[PDB]
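This report refers to the structure that appears directly beneath it.
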């Protein structure tokens, strides 16, 4: 899917979407490092000490969700898969709602993706986190409130954008979906629906090389 097809898809859902250059993001783009956790698109600050990893809705839950994987055993398999592909796997909570602090997982476990055809997880927030930890992953915990002002969809392979708790933005590394063989159109739409259902801004900037 091209940047224009992504913009069209978002516009069809009522979003504002614009394509921007990698040059316009100079000073913010960073190379992905193996030590970094593959984590959520959440724009808040957190206890993360493993920066430089890719961003996907709910961390590795984006992969399980896209694939319709709902079992704890399946979640652990994905944890190890992510760890085998250059990133430390993570999921997260926050210090306001504990493990229900991940908006994406909260939407999933409460059935908000029912009509988009997704099966519900066969575990709750604490069980999922414990399984990820048991399989070698990291649990991140965010702090503060959501104040994201925009959604950046980064298409530059092996690069990412980092959270700025004081001028927040949702960050989605679209290129990472391709890396994990996901149904990309499906993945980006799920990301769009997530922001929509969280009441976030339907305003995207698509970063291209």
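State yes or no: is residue 52 touching a strand residue (DSSP E or B) at 6+ places or on another chain (Cβ under 7 Å) and at positive phi? Step through it out loud before you land on a result.
Working: touching a strand residue (DSSP E or B) at 6+ places or on another chain (Cβ under 7 Å): yes; at positive phi: yes.
Taking the combined requirement at face value, the residue satisfies it.
Which is in contact with a strand residue (DSSP E or B) (Cβ under 7 Å, 6 or more places away or on another chain) and over 25 Å from residue 165 (Cβ atoms), of 70, 79?
Details: 70 fails: in contact with a strand residue (DSSP E or B) (Cβ under 7 Å, 6 or more places away or on another chain).
Just one listed residue meets the conditions, 79.
Do we have residue 206 as in contact (Cβ under 8 Å) with a residue 40 or more places away in the chain, closer than 19 Å to residue 36 by Cα and either outside any loop (DSSP other than H, G, I, E, B) or in contact with a strand residue (DSSP E or B) (Cβ under 8 Å, 6 or more places away or on another chain) (or both) here?
The answer is no for residue 206.
Neighbour counts run over all protein chains shown; Cβ positions are idealised from the backbone, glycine included. Read the figures in this text as sums done on the coordinates, not as results from a lab.
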